[PDB]
Amino acid sequence: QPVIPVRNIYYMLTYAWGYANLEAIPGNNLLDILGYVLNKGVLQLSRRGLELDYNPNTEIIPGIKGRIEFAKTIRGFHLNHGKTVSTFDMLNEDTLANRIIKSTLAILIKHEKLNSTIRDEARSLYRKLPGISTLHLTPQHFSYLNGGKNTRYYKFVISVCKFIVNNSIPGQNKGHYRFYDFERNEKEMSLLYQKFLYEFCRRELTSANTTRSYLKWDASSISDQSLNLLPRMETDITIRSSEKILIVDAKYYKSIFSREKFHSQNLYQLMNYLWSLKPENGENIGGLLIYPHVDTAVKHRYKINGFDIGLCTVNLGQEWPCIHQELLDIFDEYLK
Amino acid sequence: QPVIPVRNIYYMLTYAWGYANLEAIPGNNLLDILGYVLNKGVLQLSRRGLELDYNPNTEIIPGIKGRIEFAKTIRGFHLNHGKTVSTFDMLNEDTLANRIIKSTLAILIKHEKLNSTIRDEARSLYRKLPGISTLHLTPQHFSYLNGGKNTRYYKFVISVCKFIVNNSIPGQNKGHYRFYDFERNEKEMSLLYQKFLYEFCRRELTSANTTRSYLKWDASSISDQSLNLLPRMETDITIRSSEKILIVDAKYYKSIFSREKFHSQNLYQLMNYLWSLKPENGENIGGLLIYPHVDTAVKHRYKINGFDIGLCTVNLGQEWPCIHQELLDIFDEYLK
Amino acid sequence: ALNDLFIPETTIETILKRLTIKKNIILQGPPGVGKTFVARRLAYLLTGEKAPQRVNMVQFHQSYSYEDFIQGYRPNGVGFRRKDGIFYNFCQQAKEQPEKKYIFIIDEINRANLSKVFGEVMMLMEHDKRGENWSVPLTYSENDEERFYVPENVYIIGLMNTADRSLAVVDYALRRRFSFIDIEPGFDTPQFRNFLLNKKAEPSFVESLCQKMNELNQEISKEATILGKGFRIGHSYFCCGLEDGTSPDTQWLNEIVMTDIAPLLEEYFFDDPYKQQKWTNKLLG
Ligand SMILES: Nc1nc2c(ncn2[C@@H]2O[C@H](COP(=O)(O)OP(=O)(O)O)[C@@H](O)[C@H]2O)c(=O)[nH]1
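Scoring rules and cut-offs
- Residues numbered from 1 in each chain as written, not as in the entry; some residues may be left out.
- Chains lettered and ligands numbered in written order.
- Part of a larger assembly, values for the part shown.
- Heavy atoms only, no water.
- Helix = DSSP H or I, 4+ residues; strand = E, 2+ residues; numbered from the N terminus.
- Buried < 20%, exposed > 50% of the residue type's maximum accessible area, 1.4 Å probe, protein only.
- Pairing = 2+ DSSP bridges.
- Axes fitted to C-alpha atoms, helices over the stretch in contact; angles between N-to-C directions.
- Contact = heavy atoms within 4.5 Å.
- Least-squares fit on C-alpha atoms.
- Core = buried A, V, L, I, M, F, W, Y, C linked by side-chain atoms within 4.5 Å.

For this entry, the PDB record names cryo-EM as the structure determination method and reports a resolution of 4.2 Å.

Encoded structure:
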């Protein structure tokens, strides 16, 4: 039952979200890492200052503040008891972005499995936010915040809060929570891996141009030109350079972690991408399948159907920089 | 949450195992059907007579029966108290094949969800087998019986007993059992479907020749000629005739049951089979993807990469003969 | 015969109370905890004299029979002659000294069929139905008058190996009479530690060993239904081999890990070698 060391996963999430010392913390499990980032992360923000968004307020007060609304004033006859309906801009930290933080911290405290030091510190912070109102979080709240008015730093922790909320399950008690065993399921870990590379490649491979490319079948059918029933095909990544193009399909499988038969079902998708893809420059066409392995990394090359394809692995759990070196080393060979 | 009507599934199992009125029984759920077949099935056998396999016995008796073993006789000095060690052939129904039936029936009785009439009848039968010994069943027992010395009828119920044993889970009580929700999982239902066609096609399509064909990649690699890492590729079915060949890939998906996006991931495997396949006769190459749908059946044809491929569906839950008609109607079009 | 027994004092005292009443105890437990050893010392304790002669020990196997146990007719030069067994003869000595306690050890009793072995006598060997009153004529007895009666002084101790997967159910006839007792590995105890401290062992190496073995044995016990608790490793290997006064150290230890524990893990873990590598390494690394 082998899985990745948890500290390494957090780095992959970082590139996935597109944006520190984790050596100090002694809790290997994910939520200990994740809460410490958030719990420490909030402390970084307050030092600079949290976002205060002017919320206009239309209220009934005993006097003039800002602009009086003449209509609501006369119709409700508020003038008689010395009041007006006036519009003004109270400055609060009660924004949706900031409200989300406090609600998430409550979940963090309620979590059954958590370091005591981590939980104690957060409870202080929860007290330190008196004005802000707790909320019952939904993705629909997160949906509204895709506008991204907030700063770049806020977006980091908000993505963290998204991870916690979706990966929160009730455990022994009605109130308390228990963290999801994220590593075990391949799909979400795989979907992380696919996103991990795409944003990673833009950062380091400045020489090359990296975009996900939609592909269209060469087919024609008498029945329907649409061919809607046919499978939708969108690359995981394409990393194009002037001398050579390359398409990658990367996925996380449990069977491959055991060092026998090999699970390479994704390859069947790959050739069809090569076929539908036609290069105007005609420099070259290359393919790569890359998977995560724990113990060691092995690289192979193949010449299958007139295409030059590489199968390779990476030893996750090794070390993050050496992994970062290994990834650049890997792509450099094939990008040639 | 739509699934196939359960009575129809049993017919697909029948072709899967390679070998009656089910209209009478009122219990739609699978185990009611399955037990009634077995409970009625055993009654069919006893009428003809159950298998009695001569088990030789080496035992210490007060007299001569069959062949005396002189060595064990003298060494243990059994002659003195008027006994010999002699070999003879007691005729029992205690064979592994028959023992399996009784143990399965105990599970059937213990099952928490079962028709009362069905359970009562079996308890009689369990009493009617006094000599036979109950056992704790394993696949390893079933493994020994792959020799198939038994008659053709015995093999049918034994396969039934295999289905029950593997699809038996404890429920509310320590003793009692609860049946697996077989229909819900796609993999086993899909793996049933893949086997369902292969044995089905041999029966009805006598005109054509039907065999599963192993395929080899066209690739060559400098590193390894083996190409072991590459995915293993074995067709679901190939149904070859003199005028035209055809490869089929069939799988059960839940998303397709909803009448939007389409799940056709298996297609990516199909083209690669066409590529690795090279015909000496050069009559034609055709492909078919067939899936199960509940409400209705729709057929399409496509001309994709110089290959003529059909995507089609079948309305399972319709009726078994009309389904049988529909399947022959379907293959007849494409086999052309 | 009570100087250094690794087992806690509680059980060894309880057994003496348990044995003096029930008189037929079964000692369960993993191989390599000195099941033979503890019973042998306890045998001397109950008598109060460290004398072997009253004590006898036998190892049962499936072909062990009533003929060897009690009475059989092996041939002499000319004609067949009755031969006294072990238990039969053993009791005759105990009859001489009813005051004293005579003790019988039966190793691996679960392996053999008790019924074929004891035969007629299995009713008597229970503590209640003992003495001349319950005397019965023996199977091969030529004369009805001669009878065999289990004296009350006799105490029977049985060793059962929990580790075997092949075992499924204890013999029914055994369970009605005998009082099963569980022997823990007792790897973490003062008396075993004090033994190693007397030998040239540093305190950290002691706690290192106790800490490592406990979690390892705990792992096997943790997977309760797949593998019984009794699968957990014993301690006798660490006892043996140090008679010469050799210093116990990691250099000496790695051999025993490789020699004795490693094949044992292979049998216990027959599914995944990778999972074995996880546990073999931690002992040394
Ligand atoms: N001094 C001493 N020796 C022990 C102790 N436990 C086991 N031994 C010795 O370990 C060796 C093996 O005992 P045993 O369990 O009967 O071997 P087994 O047949 O493989 O189970 C014998 O020399 C025992 O006396 C102990 O606690 N103290």
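## Looking at the environment of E243 of chain C
Residue and element names in this part refer to chain C. In this fold, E243 is placed in the loop between α9 (236-239) and α10 (250-268). Looking at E243, the relative accessible area reads 83%, which means it is exposed. Residues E243 and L27, 216 residues apart in the sequence, show an inter-C-alpha distance of 27 Å.

## Examining the sheet that holds strand β10 (residues 299-303) of chain A
Paired through their backbone hydrogen bonds, the strands of a sheet run either parallel or antiparallel. Residue and element names in this part refer to chain A. Across the sheet, which stays open at both edges, the six strands sit in the order β6-β7-β8-β9-β11-β10 with mixed pairing between neighbours. The open sheet has two edge strands, β6 (209-211) and β10, and neither has a second partner. Direction aside, the axes of adjacent strands within the sheet are offset by 20 degrees on average. In this fold helix α9 (residues 267-276) packs onto β8 (247-250), β9 (286-293) and β11 (308-315), with an angle of close to 160 degrees to the strand it touches most, β8. Strands in contact with helix α10 (residues 320-335) are β7 (237-240), β10 and β11; relative to β11, the strand with the most contacts, it is inclined by about 175 degrees.

## Considering the environment of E13 of chain C
Inspection of the secondary structure puts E13 of chain C in helix α1 (residues 9-22). Distance from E13 of chain C to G234 of chain C, taken between C-alpha atoms, is 21 Å for residues 221 residues apart in sequence.

## Observations regarding the relation of the copies chain B and chain A
One chain copy maps onto the other through a rotation about an axis and a shift parallel to that axis. Of the two same-sequence chains, chain B is brought onto chain A (RMSD 0.0 Å, axial shift 0.0 Å) by a rotation of 180 degrees. Taken together, the rotation and translation describe the operation of a two-fold axis. No C-alpha of chain B lies nearer the rotation axis than that of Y268 of chain B, which sits 2.6 Å from it. The share of interface residues of chain B whose copies in chain A are also at the interface is 100%, consistent with both copies meeting through the same surface.

## Considerations on the sheet that holds strand β2 (residues 67-68) of chain B
Read across the sheet, three strands follow the order β1-β3-β2 (chain B) without closing on themselves; strand pairing throughout is antiparallel. Sheet topology places β1 (53-61) and β2 of chain B at the edges, where each strand pairs with a single neighbour.

## Regarding the nonpolar core
Formed by 190 residues in total, the largest nonpolar core has its most connected members in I290 of chain A together with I290 of chain B. Ignoring sequence-local partners within four residues, the contact set of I290 of chain A consists of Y193, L197, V248, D249, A250, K251, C312 and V314 of chain A. Listed in part, the 35 residues of the second largest apolar core include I106, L138, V150 and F178 of chain C.

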